[PDB]
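Descriptive structure summary
Read off the chains here:
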Amino acid sequence: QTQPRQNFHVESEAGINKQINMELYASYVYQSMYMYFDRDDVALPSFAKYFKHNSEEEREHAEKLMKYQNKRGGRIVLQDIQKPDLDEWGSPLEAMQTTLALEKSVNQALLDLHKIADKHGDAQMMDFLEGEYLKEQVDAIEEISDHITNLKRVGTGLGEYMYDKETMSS
Amino acid sequence: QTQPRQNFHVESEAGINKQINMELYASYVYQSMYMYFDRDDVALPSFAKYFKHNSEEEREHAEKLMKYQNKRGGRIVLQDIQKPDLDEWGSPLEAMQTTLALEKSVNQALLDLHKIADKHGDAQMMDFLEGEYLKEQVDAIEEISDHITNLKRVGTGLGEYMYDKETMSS
Amino acid sequence: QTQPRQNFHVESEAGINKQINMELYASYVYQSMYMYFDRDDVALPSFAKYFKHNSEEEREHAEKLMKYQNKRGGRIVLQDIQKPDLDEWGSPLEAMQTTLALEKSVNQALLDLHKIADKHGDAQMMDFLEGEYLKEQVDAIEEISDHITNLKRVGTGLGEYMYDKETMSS
Amino acid sequence: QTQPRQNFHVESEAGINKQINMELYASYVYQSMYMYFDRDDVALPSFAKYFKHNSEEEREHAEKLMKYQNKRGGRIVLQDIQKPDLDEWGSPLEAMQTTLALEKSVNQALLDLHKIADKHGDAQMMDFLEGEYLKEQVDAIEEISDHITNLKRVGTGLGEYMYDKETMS
Ligand SMILES: [Fe+3]
Ligand SMILES: [Fe+3]
Ligand SMILES: [Fe+3]
Ligand SMILES: [Fe+3]
Ligand SMILES: [Fe+3]
Ligand code: NA
Ligand code: NA
Ligand code: NA
Ligand code: NA
């Protein structure tokens, strides 16, 4: 074994490599959304920055898992990062609905990864996932659900513009 | 020859004089738009200030070319500054559409002036135009295209008022 | 055409989409190198941080080209980001030699993209590439060449450790 | 029962007393290594301070478990602190290899104690161990593994001296 390795199962190691790819994929989706809201014919700059930020955050999520792989003595194996499903993402509301489903997909994958750690009695991996990943996911799903509700409330047009200036602005 | 003159073709010198007049003309158009949005029956003061600033910037564009003419040893020859095409400029959206076409006209003239410097191997004139003029034009066309898209999004009425207060305000 | 489009050829637009993918690929290679030097059996943390920062820089190179695509009125079309050629990168010296070849591949691709802008008389795109990309590549190729020379000078073992603590550390 | 006691099994209480002794033992081993690198014929003063600090940290680990025992209503029962297996610890590389084994033994003992808490549904004790012990052990095993790799890279002699001045300081 690698010299750090203790109580670290090959199934957990492989699950981490899968999750790494999924976090990189989500980063790529949010990068595409960022540049979609940066188009001259969309032009919602705070929506763009919001997805810019979330793209960067997902990349950090991926790198923290890579670091955790190394820390426990696993070996990172990278795969292609698939291009996003779409090239353009519709209305602000539609884009938020898309990211809710993405965040729920990542959340279920993290919960499935947590189950692997649990099967193999990997108490430290479970605590790492709960604190660094599962808490963030429930917060993200809360934030996106709020975005969807408000965008439905304000409607299309002036409402989308004002949401960019008020809520999406930092 | 004038004492600075080196690698500076009479066609480039004449092209600069033509471009100086065009920049002064663009300044005059934005001055008209400034005072149009300052009318009691239009009364959108941040739109007004935006065209005021753009009028001022175009005048400095013209003056920087005058300075460059002198720097290379050419001789400035001024012409009448034609009055703008209209006396009034319609809606905020219509005024922004007018401005996009103006900036595209100025941009093509600068590219045509760049082509003259290029024909005559005026490497320094090309670098001056790219850095001090072509980059600004690409940025201005971007900025105005965004204005048009947002004004179409927010619509007339409250939308124009909020666009004045949010985006157009400094 | 899109609103901003002027003097912007479809061949240049397509070339930018290709270059965006190449920059994202180089980011992925440096991310792999980052985590490789973060392995417990390599454990050169300033080499790791060096490749982490180069990965971040290459990702910003990609995003700047995405922004330029939008600014000129092109449409970003993303493709899969291919996984790096190797999972492990050898000695510090070997990884740097790999890095030199990658930056030369990127540099030739950028020169090839510059030539497309040149064919189509895209004066602004040429100036953008020169200032924001070509200068960086000459600097990076210089920096990696120096690293290779110094790593050959210090040799393996203590030399690699001291290079990590002196030159690679900030 | 003691007045705070609730959801606290006698097997967990006994396991805490065993783990307290092991943390005190680990502190004693690192104290011996500290003073070994302080010998006039070893004289690597930053290695010495590294093991000095880890000896203090292990003693803090023991006292945190003592406080936890009291907090939950258990009773601390102390045992002899056995002397370390050796009186002298060899090269920096050998001392680090010994330390990796020691930290792995402590980690397994903490995982076994976490298992006892889990058996008896002691949710609070598991969370305490996870946050205050298990995360620290994976960090420590990471740090020592890096030390071993670098000591193998730099070799004996000048390399050990430079490692003392750079990484260990
Ligand atoms: Fe994530
Ligand atoms: Fe101008
Ligand atoms: Fe690059
Ligand atoms: Fe301990
Ligand atoms: Fe927990
Ligand atoms: Na944009
Ligand atoms: Na007025
Ligand atoms: Na590491
Ligand atoms: Na001493």
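Per the deposited record, X-ray crystallography is how this structure was determined, to a resolution of 1.78304866205 Å.

A word on the coordination of the sodium ion (ligand 6). Protein-derived coordination of the sodium ion (ligand 6) comes from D38 of chain A (O) and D38 of chain A (OD), at a distance range of 2.2 to 2.7 Å. Locating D38 of chain A in the fold gives a position in the loop between α1 (10–37) and α2 (45–72).

Here the focus is helix α4 (residues 123–154) of chain B. Spanning 32 residues, α4 of chain B covers 46 Å between terminal C-alpha atoms, matching the ideal 46 Å at 1.5 Å per step. The largest bend along α4 of chain B reaches roughly 40° and is located at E130 of chain B.

This next bit is on empty space enclosed by the protein. Over the atoms, a rolling probe the size of a water molecule traces out where space has been left empty. Quantified by volume, the largest cavity comes out at close to 160 Å³. Residue lining of the largest cavity: 14 residues in total, with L24, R59 and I81 of chain A together with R59 and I81 of chain C positioned closest to the centre. Every element with two or more residues in the lining of the largest cavity is listed here: α1 and α2 of chain A together with α1 (10–37) and α2 (45–72) of chain C. Classifying every residue of the lining of the largest cavity gives six nonpolar, six polar and two charged. Reported here for the second largest cavity is a volume of approximately 100 Å³. Counting only elements with at least two residues in the lining of the second largest cavity, the list comes to α2 of chain A together with α3 (92–119) and α4 (123–154) of chain D. Here the lining of the second largest cavity takes three residues from α4 of chain D, the largest share from any one element. Taken together, the residues of the lining of the second largest cavity sort by class into five nonpolar, four polar and three charged.

We now examine the nonpolar core. In this structure, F37, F47 and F51 of chain A together with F37, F47, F51 and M96 of chain C are the most contacted members of the largest nonpolar core, which totals 100 residues. The set of elements that each furnish at least two residues to this core consists of α1, α2, α3 (92–119) and α4 (123–154) of chain A together with α1, α2, α3 (92–119) and α4 (123–154) of chain C. Not counting residues within four places of it along the chain, the set of residues in contact with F37 of chain C comprises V42, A43, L44, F47, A48, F51, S91, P92 and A95 of chain C. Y161 of chain A together with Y30, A62 and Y68 of chain B belong to the second-largest nonpolar core, a separate cluster that totals 51 residues.

Okay, the coordination of the sodium ion (ligand 9) next. The coordination sphere of the sodium ion (ligand 9) contains the protein donors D38 of chain D (O) and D38 of chain D (OD), at a distance range of 2.2 to 2.6 Å. Here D38 of chain D lies in the loop between α1 (10–37) and α2 (45–72).

Another point: helix α2 (residues 45–72) of chain B. Taking 1.5 Å as the rise per residue, α2 of chain B with 28 residues should run 40 Å; its terminal C-alpha atoms sit 41 Å apart, in good agreement. Within two residues after α2 of chain B, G73 of chain B carries a phi angle of roughly 95°, on the positive side.

Further remarks concern the side chain of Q6 of chain A. For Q6 of chain A, the location among the structural elements is in the segment before α1. Of the residues examined, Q6 of chain A reaches a relative accessible area of 13% and is grouped as buried. There is a polar contact of 2.9 Å between the side chain of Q6 of chain A and the backbone oxygen of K104 of chain D. A polar contact is formed between the side chain of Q6 of chain A and the side chain of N107 of chain D, at a distance of 2.8 Å. Here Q6 of chain A is in contact with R72 of chain A together with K104, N107, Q108 and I141 of chain D, once residues within four sequence places are set aside.

Next up on the list: the UniProt feature "binding site: Fe(2+) 1" (unreviewed entry) in chain D. All names here are of chain D. Mapped onto this numbering, the UniProt entry gives "binding site: Fe(2+) 1" (unreviewed entry) at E23, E58 and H61. These residues run over 39 residues, yet every pair of their C-alpha atoms falls within 6.4 Å of each other. Turning to its location among the elements, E23 is positioned in helix α1. Here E23 falls in the buried class, since its relative accessible area comes to 0%. Once residues within four sequence positions are removed from consideration, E23 is found in contact with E58, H61, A62, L65, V106, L110 and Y133. Note on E58: relative accessible area 2%, which makes it buried. With sequence-adjacent residues up to four places away left out, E58 is seen in contact with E23, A26, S27, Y30 and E103.

Rules used in this analysis
Residues numbered from 1 in each chain as written, not as in the entry; some residues may be left out. Chains lettered and ligands numbered in written order. Part of a larger assembly, values for the part shown. Heavy atoms only, no water. Residues with missing side-chain atoms left out of burial classes, pairs and counts. Donors = N, O, S within 2.8 Å, 3.2 Å for Na, K, Ca; no water. Helix = DSSP H or I, 4+ residues; strand = E, 2+ residues; numbered from the N terminus. Expected span 1.5 Å × (residues − 1). Bend = angle between axes of the 7 residues up to and from the residue. 1 Å grid on protein atoms, 1.4 Å probe; cavity = no way out; pocket = protein on both sides within 12 Å on 5 of 7 lines; lining within 4 Å. Points joined across faces, edges and corners; volume = space filled by probe spheres on them. Nonpolar A, V, L, I, M, F, W, Y, C, P; charged D, E, K, R; others polar. Core = buried A, V, L, I, M, F, W, Y, C linked by side-chain atoms within 4.5 Å. Buried < 20%, exposed > 50% of the residue type's maximum accessible area, 1.4 Å probe, protein only. Contact = heavy atoms within 4.5 Å. Polar contact = N/O pair within 3.5 Å; in protein donor to acceptor, adjacent residues only side chain to side chain. UniProt positions renumbered as here; feature names shortened; annotations may be inferred.

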